[PDB]
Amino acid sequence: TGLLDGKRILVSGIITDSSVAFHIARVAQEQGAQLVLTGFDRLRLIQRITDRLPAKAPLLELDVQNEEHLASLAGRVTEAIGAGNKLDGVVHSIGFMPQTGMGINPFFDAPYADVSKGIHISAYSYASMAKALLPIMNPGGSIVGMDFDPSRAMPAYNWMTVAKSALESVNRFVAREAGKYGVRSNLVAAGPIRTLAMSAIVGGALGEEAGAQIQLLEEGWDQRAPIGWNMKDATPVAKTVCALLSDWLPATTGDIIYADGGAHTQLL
């Protein structure tokens, strides 16, 4: 009863109710997991968002660039879950890439300070979280990060794709570390999901050509997906994360599960 029954799971990256992490949290709760959530900057907001989750979850502040947040995370979570209790699950659902770098908008014009911020938050923070959290994880545990397939360049996502390549590589190293703890580390490569940032982009937040490109990306995904892809539905990805959080992929680590409708297996 419950895929995640009895599992304590930290889920980062809720910012709105359309956040992939919101759905992960909701599905994890539906599946019996006890959550601790982390949020970055707008904690009153995140608290209010997360109140809609089917169960209460302690919400902790984690700015993955901080250091002090990271240093105290583990302490703050064992406090939230009770001393002598450890994490079974950690969800990294964190990403960010500044400007220009990202849409439209010339790849070449992103200053390294921005790329570096993006990679910090989007890639390196995966190692950071695993470092902060593996000491309070149980054998049989699972770390899952949110990915998208960056093995081919694409329009618009630019430096964010680079950040995901870095992340996928970080993941395979976290796996090496996580393994000593009996902990899996895996990524879920999602197809495009109409998250608030994503609808803003397709709406022209980042320029016409950025939005046009993402819309094209979305349509081609779905077409390519042998089972289709619904970008308005984060649930198939929430669930895939949960499958990774579960004991049902026990021999899978340093790996990437594609929750993308199979689009990446296809070409056309």
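Counting begins at 1, following the sequence as shown.
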Review point. Which has the higher mean CA temperature factor in the PDB entry, 102-110 or 148-156?
Key: 102-110
Exercise for review: Can you let me know which of the two, 191-199 or 169-177, has the higher average C-alpha B-factor in the entry?
Suggested key: 191-199
Point to revise | residue 36 - Cα temperature factor, lowest/middle/highest third of chain | key: middle
Review point. Taking the entry's C-alpha B-factors for this chain, is residue 53 in the lowest, middle or highest third?
Key: highest
Check your understanding: Sorting the chain's CA B-factors, does residue 240 end up in the lowest, middle or highest third?
Key -> lowest
Exercise for review: Sorting the chain's modelled residues by C-alpha B-factor, tell me whether residue 94 ends up in the lowest, middle or highest third.
Suggested key: middle
Review point. Can you tell me which third, lowest, middle or highest, the CA B-factor of residue 4 falls into for its chain?
Key: middle
